[PDB]
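Novice: Just so you know, the sequence shown maps onto residues 141 to 159, 161 to 294 in the deposited numbering.
Every residue, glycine too, gets a C-beta built ideally from N, C-alpha and C.
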Amino acid sequence: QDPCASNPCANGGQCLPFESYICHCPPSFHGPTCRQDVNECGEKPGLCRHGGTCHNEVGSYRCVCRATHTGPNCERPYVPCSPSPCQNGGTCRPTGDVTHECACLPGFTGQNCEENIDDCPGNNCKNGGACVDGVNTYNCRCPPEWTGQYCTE
Ligand SMILES: [Ca+2]
Ligand SMILES: [Ca+2]
Ligand SMILES: [Ca+2]
Numbered sequence: 141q142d143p144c145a146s147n148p149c150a151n152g153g154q155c156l157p158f159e161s162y163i164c165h166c167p168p169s170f171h172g173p174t175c176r177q178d179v180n181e182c183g184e185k186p187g188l189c190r191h192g193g194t195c196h197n198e199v200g201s202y203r204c205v206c207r208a209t210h211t212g213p214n215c216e217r218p219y220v221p222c223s224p225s226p227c228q229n230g231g232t233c234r235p236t237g238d239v240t241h242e243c244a245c246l247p248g249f250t251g252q253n254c255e256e257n258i259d260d261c262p263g264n265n266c267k268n269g270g271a272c273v274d275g276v277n278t279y280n281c282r283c284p285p286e287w288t289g290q291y292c293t294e
């Protein structure tokens, strides 16, 4: 005769007997069986600090920060070069309050030096050798019957 044996609650709620039953919900859900989402933005205005916009979700919320701030609740100020966004040992230079510039190392390119420049366009791999791109170079993956740097030996 346990009413909780049927498992009436959902989304992490704990069933407890009382007189029928009750579902003790986690803070992210509410209602008789924890099936309705709590709007965190509505319960605490200014949840996303420094003029951030709160967006409610099923089981959580997300903060949309303005360019000048960062963090889960837009609390940490945005510094263009700390943490540094440039990839592959690239040097970061700030150009403004929110804009930045990456000085790429030879071989890399793009806004944040994330793209490796393809060195295969003018490759000299012969006899069906496949050009494999590297950092400022390339190597030919030769078929089994051919050897050498350009698949000629
Ligand atoms: Ca509701
Ligand atoms: Ca929510
Ligand atoms: Ca390359």
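Mind listing, in chain order, the residues whose beta carbon lies closer than 7 Å to a non-hydrogen atom of ligand 2?
Specialist: 169, 178, 179, 180, 181, 197, 198, 199, 200, 201 and 202
Novice: Would you identify the three-state DSSP class for residue 223, choosing helix, strand or coil?
Specialist: In the sequence shown, counting from the first residue as 1, residue 223 sits at position 82. Three-state result, residue 223: coil.
Novice: Just checking residue 231 against ligand 4 - is the residue's beta carbon closer than 7 Å to any of the ligand's heavy atoms?
Specialist: This structure does not include ligand 4; its bound ligands are ligand 1, ligand 2 and ligand 3.
Novice: Measuring from the CB of residue 238, is there a heavy atom of ligand 3 at a distance below 7 Å?
Specialist: One-based indexing of the sequence shown puts residue 238 at position 97. The beta carbon of residue 238 sits no closer than 7 Å to any heavy atom of ligand 3.
Novice: To which residues of the same chain is residue 213 closer than 7 Å at the C-beta, ignoring the five residues directly before and after it?
Specialist: Start at 1 with the first residue of the sequence shown, and residue 213 comes out as number 72. Cβ neighbours of residue 213 beyond the five flanking positions: 204.
Novice: Three or more C-beta pairs under 8 Å: does that hold for the region 206-223 against the region 250-261?
Specialist: no
Novice: Output the distance between the C-alpha atoms of residue 229 and residue 246, rounded to the nearest integer angstrom.
Specialist: Walking along the sequence shown from the start, residue 229 turns up at place 88. Walking along the sequence shown from the start, residue 246 turns up at place 105. Rounded to the nearest angstrom, the two C-alpha atoms are 7 Å apart.
Novice: Where do the N-terminal and C-terminal ends of the alpha helix (DSSP H) with residue 166 fall, by residue?
Specialist: Translated into the one-based positions of the sequence shown, residue 166 becomes position 25. Per DSSP, residue 166 belongs to no alpha helix (DSSP H) and is neither H nor E.
Novice: Tell me whether residue 257, by its Cβ, gets closer than 7 Å to a heavy atom of ligand 3.
Specialist: Within the sequence shown, residue 257 is the residue found at index 116, counting from 1. Yes, since a heavy atom of ligand 3 falls inside the 7 Å radius drawn around the Cβ of residue 257.
Novice: Once DSSP output is grouped into helix, strand and coil, what is the label at residue 155?
Specialist: Counting from 1 along the sequence shown, the entry for residue 155 is found at position 15. Correct three-state label for residue 155: strand.
Novice: Use the C-beta contact count for residue 165: other C-beta atoms within 10 angstroms, 16 or more gives buried, fewer gives exposed.
Specialist: Indexing the sequence shown from 1 puts residue 165 at position 24. With fewer than 16 Cβ atoms within 10 Å of its Cβ, residue 165 is classed as exposed.
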